[PDB]
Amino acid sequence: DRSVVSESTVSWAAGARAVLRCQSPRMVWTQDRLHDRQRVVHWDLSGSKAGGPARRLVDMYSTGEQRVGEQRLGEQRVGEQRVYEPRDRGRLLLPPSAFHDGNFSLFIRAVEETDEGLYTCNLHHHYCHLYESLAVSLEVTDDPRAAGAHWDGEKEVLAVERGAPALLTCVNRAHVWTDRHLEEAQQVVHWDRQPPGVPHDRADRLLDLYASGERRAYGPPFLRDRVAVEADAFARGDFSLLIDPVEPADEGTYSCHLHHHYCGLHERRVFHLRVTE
């Protein structure tokens, strides 16, 4: 199984070949022909009366390639919802242009006995490989005095009168899910370091790595000749720092910043490096 070490204290002897592991499968470069720039939302129901199969109720895509016959007019993100049972057409509705502002709330025009169960609002990003989901509980009651809604500490719990409409809230306004976005820049990795006992925001740049293969090194020649990252880092998502040879002056805090702003990816691997001998 895969694990993520986000911060660690490591000791290397002076003169050794130190390796500071920085890796991520989401920082792997792929060709444009494989990019599936598509966001999908779908509501699923794990019914309590059925108690077995969890069926999909309705989904909505963000992007598509408009055609007229065999002529490909182009691709532009628009949007359209699709119910999976022809009977729910007109009964289950999502907000129009849901991906414009991140409002994916499910509207049920008139709840039925078979609508009872645990709902899930699921977001899929095929380009950024993101999966987000929230749960909503729905109970159908015949007593209107019991109809209402409350937050039980983790999810919305609905109690709807039979035949009455319901709204299952699902809102995610993060830029990766909405149509708004800054122009996508290539993936970039930043290595920096600071002496022991110094806050992170006062670190000195050590090395920049861009997905196109371009790199930028900092520091005096004595430091640059001992610090490197193996070639084709973005081909395998490995940006591990190589310090060879490691010196007692290299003792300090090292940071590996992984950036893919278009996908909301901003992670940091921290290394408190100690040098013995």
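All residue numbers refer to positions in the sequence shown, first residue = 1.
Here 14-22 and 262-270 are compared by their mean Cα B-factor, and 14-22 comes out higher.
Relative to its counterpart among 161-169 and 197-205, 197-205 has the higher mean temperature factor, C-alpha atoms as listed in the PDB entry. Note on the listed residues 237, 213, 219, 248: the highest Cα temperature factor in the record is that of 248. Taking the deposited Cα B-factors for 101, 75, 192, 88, the highest one is held by 75. Residue 118: CA B factor lies in the middle third for its chain, per the PDB record. In this PDB entry, residue 71 carries a Cα temperature factor that places it within the highest third of its chain's modelled residues. Residue 151: CA B factor lies in the highest third for its chain, per the PDB record. Ranked by Cα temperature factor within the chain, residue 175 sits in the middle third according to the deposited record. Among all modelled residues in its chain, residue 27 ranks in the middle third by Cα B-factor.
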